[PDB]
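Residue numbers (this note's numbering), protein chains in the order written: chain A, 117 to 384; chain B, 9 to 1052. Built from N, CA and C at the ideal position, the CB exists for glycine as well. Input: a single structure, listed below in structure tokens.
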């Protein structure tokens, strides 16, 4: 019972706890070995949304306890009770139970293929797919970032386009003032070549608008694909999670029957 | 030592002897047509050369105008100034008519002729600030936000103050700002250094110049290592002026008159010795010792130095109760509710995703209530919930730094975040947030697979086209304020008396008090644990209950503060008085209090009060990166920390130089731009003459960015030979010669660069096309230090991981050295200056192990000879120079082995390991750093990144067969075991340094367990004896034997 206990992983240090408690929710729990015996004995760890709560199990006169409620004749004794009830009665701000015993030895899936070698081959399949997925994700994450900056360059260009157009409109305004202030004289020679200036000026304000428009039409084109990348990013993201989470369980059911810590890196 | 390329002199013995230059393109065509819009309404089009100065263009324009109709309606050319729209969409008046066409950043090739209003010309040379920042000042003038406009107005205090301190004993004070003394942390010279000195003395070489002078004059001296610059000057003048015609009295008199007309300068760079410190404390002096060099100083007239300092002359910028007493937060009789309205812009496949909801929580670093989501209502197809969410926390128990963290999610357990955003529940004026809010969200980062992200920045994402989520905060028919300090203090006095009268006891039994329970020096124990070793609830209750005893152990504070229930104003109010006069603590420890786990203003205020007391300009520029980064976790624009950093920056131009670049570096990162531009604006407005220098460095780097951009797109599938001509052609153009020629190196401003040596300039072989550049050192004693200065400019790699790692290395070296154990790291210079753009220090006389092996190794290629590195080294160091070359190599290699293992950098092989001629070994190109490439598997790797292959083992045991078993190797193993152990006693410092980097968008550092590698690698959960074995075990397994 005690070594099995289902939720007892013993010699896992502080890290592989939070790393096995990563991304579950509410009331999830599991028991640890304490780090020093110049410290305590076992550690109950809770989960309270992203925050990991650490509770000390003290073992003295055959008694196991958090504090003085030492009556609780076993490690395995003390836990059960609190899977049924709240910890709030021990200390106020602890209004959660141990309802989620998430520690299920991961024989739930993993295709139950007793092979070990076959289970390891799966491990490789999933781990490649993962990496394939992580790169697609990554490629996309970057396309997104470029496209964000390329949109905002297009926005300021649009602005600079408008600004330019103002300066030019202003310009053929400015002139009309001084231009049709001279048209009064008899000399229509000079007038002709004042019309030329005026007529360069307007077909230019035409060209410029033709160019801003052309760019607004590409801002939408971009804003489109930008939407697309986001769509596809959010579509990879959930797949990258369950692929990733099944790769944690295959790696567990392996190091459950026979460690071989070093052998694994061939399937990764 | 960036001084000498870390070149050791092994004999020397003291005891003997796309939108770049115009919108669309990178490089304007060498000939270009320009529209000149005349104030008479005409447009004349000039054919201009790309590099023509506005002075030339104007002159040509007003000669051409005479040919178009309406001439006499024009004034004199002198009466006018050009304006145009620039690439940031802003009309810019071009005052400096010596600027070149290709350098105005136009957009469209056109200029408008106007007569200048805004008549304060002076004030409008204010584009200078905007140029240095990379965004026009007028962008700020336009920002509606009251916080922003309050920061601009309120920060000026700091500016005026600093400007005061400088102009105090002017000019000496000014000199001291521009050229602060480069100085070690302690005067106590480490035992290994003292000992290159023969019972405490250095030979130094004081140089001097009279007429013209193409003659300079040595005066070799031999003085105690600890004798000040003034003494040293006296001694040179004394030497220089003794004569058979001057008696002894007369000599003493002449020395008095002269002693203080002079100051000491390092020959070859811009480093001076302007204050009383033991000579040994100046970093140059100490470098020279280590390197086996004779210091070369120069005697400089104080006047000719004061001469090169100009008046900084600061100008205050143009931009020069409440709701009738308001209502206190602690009066609102209700729980908290927030109404979630709708999202707009969610991008999702109705096919791939079932449903979406808003996940929310209230947070202070980690969270103060039951977390809670709204129902999965009208999912994907137009997202509308119209729910009040109900949090169980009373409004009076909200702490000053309370945040809301929300995220939009997908959904047997599909739980997946789409986008995320955080809001401060109070604003910069202490106002509880009420009414309606539009929050633009952030995209789920690389790493984070969590559901909520409370580390992320507080505020709306400034991309318009993002998931915008509308929100509604309650209304209590008044604006609500966070209580006064004096109000909180009474509440604490009350709480205290009130405890003193209970009798029952629960968990947080706040009850012996009167004595200590003595074995209850669990407290001194908890105190020593690193910050990453989670605290358990029993301990949390415990530290709380003995809060008053904790004042006895000041450095227990980080842990106390995490034992507080921040959802309890009773508890928080008490903590406030406790902090109010906690003993200040060493800065290596205060700095944790400025990471993302400690957002309270009172706590951070404390931290800064620690730094204000203890942090020295030496140790501040060592941690300047972490300090800048931490600004991201400050809640508001105006905070005590920015005031502190800013006031140092404007008070010490070496700190300010790097403050500028670190900020400027991250200006693209939209999560920090607005904050950092604002900060940069203050700085630039008040730094004084240095602005002109920055503007030059900035002009250079834009030229380098724009040039490499052309190479990287559009000049590949070209041979190096073709690329190189293009390169050289371009640097020959006048605009480039001008931009890139006389300026300070951003890697170390003490290094002038001027006069490019194009023949020594190349594109290195890398696919990112880095530029190897080489500049004449223009100093009058170049010779005496280094004639040529070479740095690498690289465009394409994110330099800041390297940057961090080198900084870690530097800090490791110091810890080892200053504890008297001599391991020689070579943390070369690296500076990120942009988005994936940077400068790497070049190190002369270093070769990849791979090259060493390629140069020596016989005719027909078959197997590589293991002895050749050793051969190569023997050849470079014949004699008894040898024994010390093998010692340097043994030592550096030992250092770069422990640091490597601890940090878990990328695998070391023959071309990321480098050797120097003096036999110094150093790593380059680190890859990732905390075994980041275990984002896949990893699971208890703890890899040995630096494996000593035979090659290295040979060298270490001078040339033995079966090196595993020699004395030298025992010697080595001892340095290793000693260094590992040394760095382990400083683990807190290292963890804290990584913590403060969670900000920076560094994929390798996203969460505190990205950082947890370090605990494994340094065996923090074990006793040190066990750790030694762990370390040996680790080394034993990678080498297959040797370590027992």
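- With a threshold of 16 other beta carbon atoms within 10 Å, residue 167(B) meets it and is buried.
- For residue 574(B), the number of other beta carbons within 10 angstroms of its own is at least 16, and it is reported as buried.
- Not flagged as an interface residue toward chain B: residue 158(A), since no C-beta distance is shorter than 9 Å.
- For residue 806(B), the closest alpha carbon among the candidates 357(B), 787(B), 848(B), 792(B) is that of 848(B).
- Per the coordinates, the alpha-carbon of residue 245(A) lies some 39 Å from the alpha-carbon of residue 991(B).
- With the rule of 3 Cβ pairs closer than 8 Å, the region 750 to 762 of chain B counts as touching the region 840 to 855 of chain B.
- Along the region 65 to 98 of chain B, the positions whose C-beta sits under 9 Å from a C-beta of chain A are 76, 77, 78, 81, 91, 92, 93, 94, 95, 96, 97, 98, read in chain order.
- In the structure shown, residue 936(B) falls within a coil segment according to DSSP collapsed to helix, strand and coil.
- The DSSP-derived three-state label of residue 145(A) is strand.
- In the DSSP assignment, residue 133(A) falls within the alpha helix (DSSP H) that extends over 130 to 134.
- Residue 905(B) counts as buried, since no fewer than 16 other beta carbons sit within 10 angstroms of its beta carbon.
- Only those residues of the region 446 to 478 of chain B whose C-beta falls short of 8 Å from the nearest C-beta of chain A are listed: 451, 452, 454, 457, 458, 459, 460, 462, 471, 473.
- Close to residue 116(B), with beta-carbon spacing below 9 Å, are these residues of chain A in chain order: 276, 277, 280, 324.
- Residue 540(B) is not a Cβ neighbour of residue 568(B), given a cutoff of 9 Å.
- In this structure residue 795(B) touches residue 785(B) by the C-beta definition: roughly 6 Å separates them, less than 8 Å.
- Residue 213(A) and residue 126(A) have their C-alpha atoms some 22 Å from each other.
- Around the CB of residue 154(B), fewer than 16 other CB atoms lie within 10 Å, so the residue is classed as exposed.
- Interface annotation, residue 840(B): not in contact with chain A, CB-CB separation never under 9 Å.
- Within chain A, no residue has its beta carbon less than 7 Å from that of residue 669(B); the closest one is some 21 Å off.
- Identification of chain B residues near residue 309(A) by a Cβ-Cβ cut-off of 9 Å yields 76, 77, ordered along the chain.
- Ranked by Cα distance from residue 162(A), the first of 378(A), 275(A), 130(A) is 130(A).
- Along the region 90 to 144 of chain B, the beta strand (DSSP E) occurs as fully enclosed runs of 3 or more residues at 99 to 102, 118 to 122, listed in sequence order.
- The region 931 to 1003 of chain B contains, as complete alpha helix (DSSP H) runs of 4+ residues, the segments 958 to 964, 975 to 992, 995 to 1003 (chain order).
- Per the Cβ contact rule, the region 77 to 90 of chain B is not in contact with the region 339 to 351 of chain A (fewer than 3 Cβ pairs under 8 Å).
- The Cβ atoms of residue 192(B) and residue 335(B) do not sit closer than 9 Å to each other.
- When DSSP states are grouped into helix, strand and coil, residue 365(B) belongs to the strand group.
- Three or more beta-carbon pairs separated by less than 8 Å link the region 902 to 917 of chain B to the region 971 to 990 of chain B, which places the two stretches in contact.
- CA-CA distance, residue 430(B) to residue 609(B), rounds to 18 Å.
- For residue 317(A), the C-beta contacts it makes with chain B under 7 Å involve 51, in order along the chain.
- In this structure residue 835(B) is not in contact with residue 801(B), their Cβ atoms being roughly 20 Å apart against a cut-off of 8 Å.
- Residue 351(B) and residue 357(B) have their C-alpha atoms some 16 Å from each other.
- Taking each of 118(A), 147(A), 121(A), 141(A) in turn and checking the Cα distance to residue 458(B), the smallest one comes out for 141(A).
- Here DSSP, grouped into helix, strand and coil, assigns residue 298(B) to helix.
- Residue 145(B) is outside the set of residues whose beta carbon lies under 9 Å from a beta carbon in chain A.
- Closer than 9 Å to the CB of residue 685(B) there is not a single CB belonging to chain A.
- For residue 1038(B), no Cβ of chain A is located within less than 9 Å of the residue's own Cβ.
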